[PDB]
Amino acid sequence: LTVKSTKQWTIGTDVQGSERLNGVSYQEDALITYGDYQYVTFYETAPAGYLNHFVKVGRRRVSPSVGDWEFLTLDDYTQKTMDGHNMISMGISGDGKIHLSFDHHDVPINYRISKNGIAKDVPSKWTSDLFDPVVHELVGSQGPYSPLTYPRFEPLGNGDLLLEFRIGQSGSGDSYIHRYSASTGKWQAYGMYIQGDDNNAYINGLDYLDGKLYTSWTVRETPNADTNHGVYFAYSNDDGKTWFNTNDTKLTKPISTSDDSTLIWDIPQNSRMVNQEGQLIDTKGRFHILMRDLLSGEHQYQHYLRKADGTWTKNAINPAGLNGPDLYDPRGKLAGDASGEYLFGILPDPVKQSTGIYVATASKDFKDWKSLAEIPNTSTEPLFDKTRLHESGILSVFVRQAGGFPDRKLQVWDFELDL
């Protein structure tokens, strides 16, 4: 596999502050293709200046030809909290509505939706008046809505959308799922699905495929990031209502962090493994986790694979030239092509200040990590567009540059693959 073309666009000037608010590992999602268009969301500085930001949403046509980006500015909600948790997630349901949830660290939900199904009935002009106001609840559902952190969306097969998040705090919290019906426009509460025990689960993502929902996590004892332990897994056949472990054993509802039956790899505290890194269900139904640790004696990214025969394996991702990350370094992602043969590691490198794109293949049991491409000049937790890669074989990555304000830009990089 090779690259046919590399293209990039600058979509904004990143915001100033001592935290990164754009390009954060748990944005789910920042960059989405739906129908014939690609969408992106990010903060930009408002006219009041430093510590005042607005959410922006971009769109461009990508099929059957690629058109120019255009942006709207949601100038009715001012983001002011310089806390690296306070990112934006976007989702697009099968009625065409665009959902946003943003700006949380242990506070009530902030959510808004488009008035109309603007990703389905595509409007000529792209303006902020396409969005309804910020609200602090999910119409049709019920709380708790606070203290919330980490909103994550997952589109289901019938057009519906899940929204998942933590209620509680680092070191003591639970997670909940809500489901939006594209047919009725109402939310419903699926309830608490994982319950902490003087700790909290930190999931890596949500991955839905062919009727099954997959997640993986580590458990955090305290607000100190050295107190993560374990790599855990579960899946659901009913979009989050009921859950099973890797051996198909039904779990209690909610899943307790104290239930060791979901553990797939023992990783002690102090292993330099970070929470909320990456996961992937590939199109063949193999599940993958990206984490890191120091347990070999060197810091390395780690690939966990749930193999078709059921066994889990763990392999370091150590292609030539990749500098392995420590606990606080930017987090990566795993992407997959349509065929399920190609696994992409989208791995920020802390020494190079760049994002590496590496590929491994299912034929070689994913052991054949090779450098495929690079995005230079990043200080980001890279995020990609699943649907665009499946539909057109283009790996599209949203990144925050490295460098100083106001030189540091937000970009989208497209790698057209010779798939």
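All residue numbers are counted from 1 along the displayed sequence.
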Going by the average Cα B-factor in the PDB entry, point out whether 67-75 or 144-152 comes out higher. 67-75
Mean C-alpha B factor from the entry: is it higher for 327-335 or for 302-310? 302-310
Residue of maximum C-alpha B factor among 287, 190, 180, 233, per deposited coordinates: 190
In terms of CA temperature factor as recorded, identify the highest of 276, 89, 279, 283. 283
Lowest, middle or highest third - CA B-factor, residue 15: middle
What third of the chain does residue 381 rank in for C-alpha temperature factor, lowest, middle or highest? lowest
Going by the entry, which third of its chain does the Cα temperature factor of residue 264 land in? middle
Residue 41, C-alpha B-factor rank within chain (lowest, middle or highest third): lowest
Lowest, middle or highest third - CA B-factor, residue 364: highest
